[PDB]
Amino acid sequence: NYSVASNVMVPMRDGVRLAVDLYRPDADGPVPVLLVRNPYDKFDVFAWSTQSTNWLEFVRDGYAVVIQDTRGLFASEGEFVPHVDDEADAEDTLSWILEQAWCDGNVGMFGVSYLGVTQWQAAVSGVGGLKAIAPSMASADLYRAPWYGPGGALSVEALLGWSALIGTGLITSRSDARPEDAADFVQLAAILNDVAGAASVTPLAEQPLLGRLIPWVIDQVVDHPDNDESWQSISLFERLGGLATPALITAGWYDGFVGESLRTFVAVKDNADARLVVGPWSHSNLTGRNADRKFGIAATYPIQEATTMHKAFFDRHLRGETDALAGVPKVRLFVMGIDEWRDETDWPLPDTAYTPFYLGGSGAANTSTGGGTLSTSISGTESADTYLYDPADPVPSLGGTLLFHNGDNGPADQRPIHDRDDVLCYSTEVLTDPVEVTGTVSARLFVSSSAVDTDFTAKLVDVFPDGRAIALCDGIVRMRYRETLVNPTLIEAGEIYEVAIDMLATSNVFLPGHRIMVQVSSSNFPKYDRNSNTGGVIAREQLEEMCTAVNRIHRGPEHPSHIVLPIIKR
């Protein structure tokens, strides 16, 4: 049995008060506590909990749960600005909980996406009583996920989609509607029904509606394309290696945060009890069912297993139950292709063979009917594939880690863009034996451009016997950021550069009958904004002033362009 107290007001160091709801067990004395920090209305528990845990079980088992409205939203006072106040507000909140009669000195946190980022923000506060966190679909580096990426391109659908959704909340939570609320609301829905369209306006930086409702969209995100001091101020990642806080980390192969979720595991696993679970989910689709790819009912987000695992984890770190995680693996992955859950002892997997697959082929690799090949042997002939990238006609995004623009079809069939001249395709022969690829994925390409800046993209694909060409993971490099996200420099036209493309991670067995394929291009819109091929401030350029670029991929013995696949052989 328990009770719930609403809109308990908690004062922050600046005297601003945040609203919390208290779910407290009817018990004898103080209890362990779990805190959730939420910008989507603490009252609206059903909206996010289905992506997390049946956490009332925690309350029934003797934990208190605290759900808080972040600063400036719903019942909390103050002004809302994403991320910038969450370290301090979490630290004051934890301090308050620890002071309460009902808290026994042990606090934990759980939750998904922004409700996971907020846990990293809490963890760096140095509050002893924070004993464990469970960040799901989260990031500790907001540039790298979700707003830009390791390659230096703006995740424009992520930004505009999320901004529209936050805006909708404001209007909808309005105390005394405003005359313009009705039409702002209409207008926000129009963005959400056509995020690609919204992201197509030029200059991108001119956002009359979103810029008004949430100035941060432009002032912070669009106006700071380099990973500069403004981003560094809210990044947690460099502080994670110094922590010793157990973390139960969840990710999804098609989730926008996956690269950064996985990296947090690698950063904390040496110094405390870290756990990892990765399913084949995208941000808006945790069902395991997609338009052209079904993973099986066991791939559905296993909410009761997750609840059980969370309880065990918190029992060990907040209640001191030393053998509570008995029999629980360190790592649990949904391995695609065989479509099975599998235990592992570590991430990256021990015994991963980082294997180059070289680009080759007779004739031109343009289109899926071109001659491009992939091989574990270096190509014997120096050759090159060339295409025109025109910002007015980018390659459309299809699956992958899209968040708001058609974000429910991660393992999308790629055949609709296969006929494009600016999509270079390289495939293995049909496989006679299974090949497992589980780990981080990257490419190293030798490239040149007619332009002083451009982008290069790479996407790993499983080609099925029936023709479906299913997306796995992908990445981009914006060439001015080829060597650093902080201090970009331009390139010289015609010169060949060796660049890396961070393609995040996957786990897939390519079965006999399948092929491994890679697509190479210079755009992936609106997952990433389009490069203008000018060397200029891309978000401030008009479409008319952009340039087309003749881009080229070099391959052969002296330019051994390849993808690096994390090969598991068991």
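Note that residue numbering begins at 1 and tracks the sequence as displayed.
**Q** When the C-alpha temperature factors are averaged for each of 319-327 and 338-346, which stretch ends up with the higher value in the entry?
**A** It is 319-327.
**Q** Which is higher in the entry, the mean Cα B factor of 481-489 or that of 135-143?
**A** In the deposited entry, the stretch with the higher C-alpha B-factor mean is 481-489.
**Q** Just the C-alpha B-factor column, please: which of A539, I67, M517, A27 has the biggest number?
**A** Spelled out: the listed residue with the top C-alpha B-factor is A27.
**Q** For the listed residues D393, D474, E260, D351, which one has the largest C-alpha B-factor as given in the deposited model?
**A** Highest C-alpha B-factor among the listed residues goes to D351.
**Q** Among the chain's modelled residues, which third holds the C-alpha B-factor of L98?
**A** Highest third of the chain for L98's C-alpha B-factor.
**Q** How does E157 rank on Cα B-factor within its chain, lowest, middle or highest third?
**A** Answer is lowest: the recorded C-alpha B-factor places it there.
**Q** Of the three thirds of its chain by CA temperature factor, lowest, middle or highest, which one includes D255?
**A** Lowest third, going by the recorded CA B-factors of the chain.
**Q** What third of the chain does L504 rank in for C-alpha temperature factor, lowest, middle or highest?
**A** For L504, the deposited C-alpha B-factor lands in the lowest third.
**Q** Lowest, middle or highest third: where is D453 by Cα B-factor in its chain?
**A** For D453, the deposited C-alpha B-factor lands in the middle third.
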